[PDB]
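Just one chain follows, in the form deposited in one PDB entry, and it is written as structure tokens.
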């Protein structure tokens, strides 16, 4: 069901949750002064979500959330990324540099406090009401003198909600000794990762396992061998019961951003500028990279990760534009603004209509600048690798202006480091030239001569419109066009040559235009934010908050729904549950994405599923639910009707990515690893019994 709800809204939503099958008492899910399931949810390393699953501080999150830590501990001798990792005693769990988990110890509505303090600010158009520095000064004032000394590991933050109409203060408890305990092999953790990104059905065992360490009283402490596992106030019980179609499911976690209050004009702008440009420019870039990767196996090795990275937000933009085209997103926002405008007229209060018209007018005024910004960002800053070639600093240019040879040597050395990082082992000058010719052809079609970065005016003025000749000239003459050209430069460095370098002048020119567009566009954000404060206040006055969730803002939310598949297209149905049979159907030993771990294959051959399969002998892998998630919900716990852990959220289907603007009941799903499959992998693949024995596994 729709919405990413504040914990304060649990009372408002409880009747709807019970209608969908919730059996918990409200207090046990969230309460403000006691212990609740909210106390087992953590913010994992500043983006992801995770959950406490034992009375000794065991934490589950996704494999993709734990990846950087698994990779940091991996070597040729112990390649944990490929083999997995299973600590067979607590003393073998691996500490992690610069890691955190954050508990939300307390939440408080401070709206009246912040609105009182904002009365002091004289300028009615001040943006201090949304300023992180200003709200942190209010938090510090409220928490009082020596809050930190009186509360080990605790800190406070105030955040704005509903466009500045509501403020909450969070008291956060931060642990920095968080050790790696367990991870499946990447073949399981990343099964289908690029090909199946944003796809349901999905077959990925996307989990990893950490443990929170602390002092002997459970307070946060920096890494020490004297630290002991946290004895937490709440952990999740793990259900062996499984899921069935239509079962209630709920999620808690930290969704980052939504746009539920876009005007119709903002939907049109998101389609016609942001998404259309991203789709067109990435289709060009990807099409050239694919052609070069198919033709040369070494180019495939070098460019595979850059290609999949481009494809990530490409696929999301295609899904978002699909929803705008087919699912009525614009008309939904048109109806929302039309309803409030009709009500405002009945109330004798034109300020809501004025707010919608101010947003419309700002969107219309910025259209050509925003188009230019997205064209340069997708077409060149992201699109063309040599845009990020080195630019000598003034110090470096002075340094080899001079006759001090040793400062000169030091300037060349600094430049060499940036060149080596640019033209690294994954960089092909030939691929970059082909990509640049295709991307600049599009860019020069769309951006008129008078609005070009100055260096690009040389295509018309010096090369007679021949983009291939222009790009050929950059690489031919630049000291960064090849390793031999850089080495020749480093040997007899000419200050005149460097100031005239066509790659340096190209890079400088396109970053200059990008910067000047950014600076001219930024001011247009503020009138829309101020109008949204009014627009959202009207919507809330008119219809209340029960069916109007506040946009995500990196804070703790709950969502509820049911375990349920969907029909993507005519005569096609995707059910609610994938199985291990589906992993084996997808097995391809010559595609890294679809390798089946040999212990997992033997488990499947033997039907060695313990108590983790269904009664018919089918071993679950993933399920999907009608919960409302977005980026920031990776790793989130999935609870059944009784609050027991049934899975871990790890993705969303592409049909649902428009759901940041408008939830789609018949299309949007959260993609979740079944906890039964996590237990099977710990047991039969890791052989790590002590982790099963420390959990509370309930029927």
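Residue numbers count along the first chain shown, from 1. Whichever C-alpha set is largest while still superposing within 1.5 Å between the two forms counts as the rigid core.
Looking at the other PDB entries for this protein, residue 403 is absent from the model in a third or more of those that include the residues around it. For the pair 393-401 and 564-572, the record assigns the higher mean C-alpha temperature factor to 393-401. Mean C-alpha B-factor is higher over 409-417 than over the other stretch, the pair under comparison being 162-170 and 409-417.
Across the options 294, 584, 107, 375, the residue with the most elevated CA B-factor in the record is 294. Reading the B-factor column for the CA atoms of 189, 255, 481, 617 in the entry, the top value corresponds to 481. Per-chain ranking of the deposited C-alpha B factor places residue 12 in the highest third. For residue 628, the recorded CA temperature factor ranks within the lowest third of the chain's modelled residues.
Looking at the C-alpha B-factors along this chain, the one for residue 604 belongs to the middle third. Among the modelled residues of the chain, residue 647 sits in the lowest third by CA temperature factor in this PDB entry. For residue 54, the recorded CA B-factor ranks within the middle third of the chain. Only modelled residues enter the ranking.
Keep in mind the form deposited in another entry is missing from the figure; the text below concerns it.
Here the rigid core is superposed between the shown form and the other one, and of 560, 85, 470, 175 the C-alpha of 470 is the only one to shift by 2 Å or more. For residue 326, a C-alpha deviation of 2 angstroms or more is recorded between the shown form and the other one after rigid-core alignment. Once both forms are fitted on their core, a CA shift of 2 Å or more is seen for residue 452 between the shown form and the other one.
Here residue 143 does not count as shifted, since its C-alpha moves by less than 2 Å between the shown form and the other one after the core is aligned. By 3 Å or more, the C-alpha separation between residue 308 and residue 647 shrinks in the other entry relative to the form shown here.
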